[PDB]
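K.L.:
pasting the sequence and an experimental structure:
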Amino acid sequence: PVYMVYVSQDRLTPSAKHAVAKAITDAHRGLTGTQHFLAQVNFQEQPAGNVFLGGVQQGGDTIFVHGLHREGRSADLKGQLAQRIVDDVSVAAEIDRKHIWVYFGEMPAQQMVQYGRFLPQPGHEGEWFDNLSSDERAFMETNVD
Amino acid sequence: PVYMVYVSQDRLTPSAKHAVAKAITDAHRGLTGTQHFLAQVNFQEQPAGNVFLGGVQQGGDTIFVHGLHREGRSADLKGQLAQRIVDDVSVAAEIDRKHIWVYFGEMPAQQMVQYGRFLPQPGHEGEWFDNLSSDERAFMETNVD
Amino acid sequence: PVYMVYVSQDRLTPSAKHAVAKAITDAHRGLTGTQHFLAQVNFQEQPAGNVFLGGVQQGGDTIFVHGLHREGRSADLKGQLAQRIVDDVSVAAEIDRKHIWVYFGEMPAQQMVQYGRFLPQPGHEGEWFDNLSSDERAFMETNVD
């Protein structure tokens, strides 16, 4: 998946960003079975005061997670995954759950590309990984924490 | 909803940002009945010259609005809401409507989280809010302009 | 289309951005017939270190293209389109294709606004263009490269 994480400038130190990224990745690995190295977390920092709720300008405390996944998982699984991201980003970012927004969008795996390769259907990541060239496997395997 | 609003750096003052967020938020409230505080406007600023149209580098005058909504509304209501966003942002930003792009994407409300909670289906936002806890209501209620 | 292109600050010079924007725009025009001026490429720079793969912090050499299209094209075409964006951005940015990720999302055309107007269905674009006012047609032509 690709998790776009919209935060304020300097709300997360390099260490907190790392912890939030592990937490999102670990929740996704644990609830779906997708390998660590297939999950991207992309932080988008903007100056504080660029978020408005109900038209009221906010401080640096909001977090919006926009998760981009492939189709095929149940609504039950996606709800569990959304809820664990709320809980685990709360802890990792030391941020109250009330400050956290999370949206999941889905598209066919047939129009999703990671590492220059088309993605398999969810559940089939063992295959697909095994049918990748040695260089590609080794290169993906560096992205495990 | 979350409205991602992509604009050039310094093209909007704090006050014009404030006006554009209000124009979008009031458009959403007015046409959907959703409470002001459920609508997020998130400004994404980038240096001028980062937008290209047909391969031609642009100035600072482009606005792209990516609106993320719950499924369940009619195509007619979504058209009126996109047109109202074009018109009222044009006035609040003092930018010609020919510079404005608006895209609406939808997701099932079961995979959408705001203020740490899952959204209800479009309509009965009222019985949903009333059933949040006292402190969640008090926190949400402060974000109304 | 809007192609959101997420890169690290300073990985692409002004000329490289033009090349990447041209490669994406020529590929979209190439396979769908949608005229040049109807394709936005929108670069979102962030400092290096804001991207994590499998929880591991990345250097400055990653690219994520989020392409936002209208509905109505076939899976086969969308597949060719994404493959061509991978190859042509690899060349244009001088980056190995293992570093490239591309997701396509789609929306109904009736909830997609460009140049202040609603889009037509994915094959009815010349006639849409003719029915515009000459003023709107003129503003549109100045954006072809």
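P.N.:
Good, I have the coordinates. Numbers count the residues shown, from 1 in each chain, chains lettered A, B, ... in the order given.
K.L.:
hey, where'd the helices end up in chain A?
P.N.:
For chain A, the helices defined by DSSP state H occupy A:14-32, A:75-93, A:126-129, A:134-141.
K.L.:
adding mean neighbour count and distance to residue B:24, write these out as a markdown table.
P.N.:
Heads up, the C-betas are built off the backbone N, CA and C, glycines and all. Below are the helices of chain A laid out as a markdown table (neighbours: other CB atoms under 10 Å in any protein chain shown; distance: least, CB to CB, whole Å):
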| stretch | mean neighbour count | distance to residue B:24 |
| --- | --- | --- |
| helix A:14-32 | 20 | 28 |
| helix A:75-93 | 18 | 25 |
| helix A:126-129 | 13 | 41 |
| helix A:134-141 | 13 | 40 |
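K.L.:
mind checking which of these is nearest residue C:38?
P.N.:
Minimum separation from residue C:38 across the helices of chain A (CB to CB) falls at helix A:75-93, 33.2 Å.
K.L.:
how far off centre is that closest one?
P.N.:
With CA atoms, centre = their mean, to the nearest Å as the basis, helix A:75-93 stands 10 Å off its chain's centre.
K.L.:
can you name every helix or strand that it contacts?
P.N.:
When contacts are defined as 3 or more CB pairs under 8 Å, 6 or more residues apart in numbering or on different chains; DSSP states H and E, helix A:75-93 packs onto helix A:14-32, strand A:63-70, strand A:100-107, strand B:112-114.
K.L.:
quick one: contacts for residue A:83?
P.N.:
Neighbouring residues of residue A:83 by CB atoms under 8 Å, 6 or more residues apart in numbering or on different chains: residue B:113.
K.L.:
hmm, stretch A:136-145 touching chain C?
P.N.:
Yes: in terms of CB under 8 Å from any CB of the partner chain, part of stretch A:136-145 sits within range of chain C, namely A:136, A:139, A:142-145.
K.L.:
surely residue A:45 touches residue A:7?
P.N.:
Yes: counting by CB atoms under 8 Å, residue A:45 touches residue A:7, with 5.9 Å between them.
K.L.:
can I get the residues of stretch A:136-145 next to chain C in CSV with distance to chain B?
P.N.:
Formatted as CSV, those follow (distance: CB to the nearest CB, whole Å):
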residue, distance to chain B
A:136, 31
A:139, 29
A:142, 30
A:143, 26
A:144, 27
A:145, 25
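K.L.:
closest one of the residues you listed to residue B:104?
P.N.:
For the residues of stretch A:136-145 next to chain C, the nearest to residue B:104 is residue A:143 (33.8 Å; CB to CB).
K.L.:
which one of the residues of stretch A:136-145 next to chain C sits closest to residue B:131?
P.N.:
Nearest to residue B:131 among the residues of stretch A:136-145 next to chain C: residue A:145, at 39.6 Å, using CB to CB.
K.L.:
flag every residue of chain A that's near chain C.
P.N.:
So chain A meets chain C at A:2, A:14, A:17-18, A:21-22, A:25-26, A:35-45, A:68, A:105, A:107-108, A:110-116, A:118, A:136, A:139, A:142-145 (CB under 8 Å from any CB).
K.L.:
show me the one of the helices and strands packed on helix A:75-93 that comes nearest residue C:75.
P.N.:
Here strand A:100-107 is closest among the helices and strands packed on helix A:75-93 (CB to CB), at 11.1 Å.
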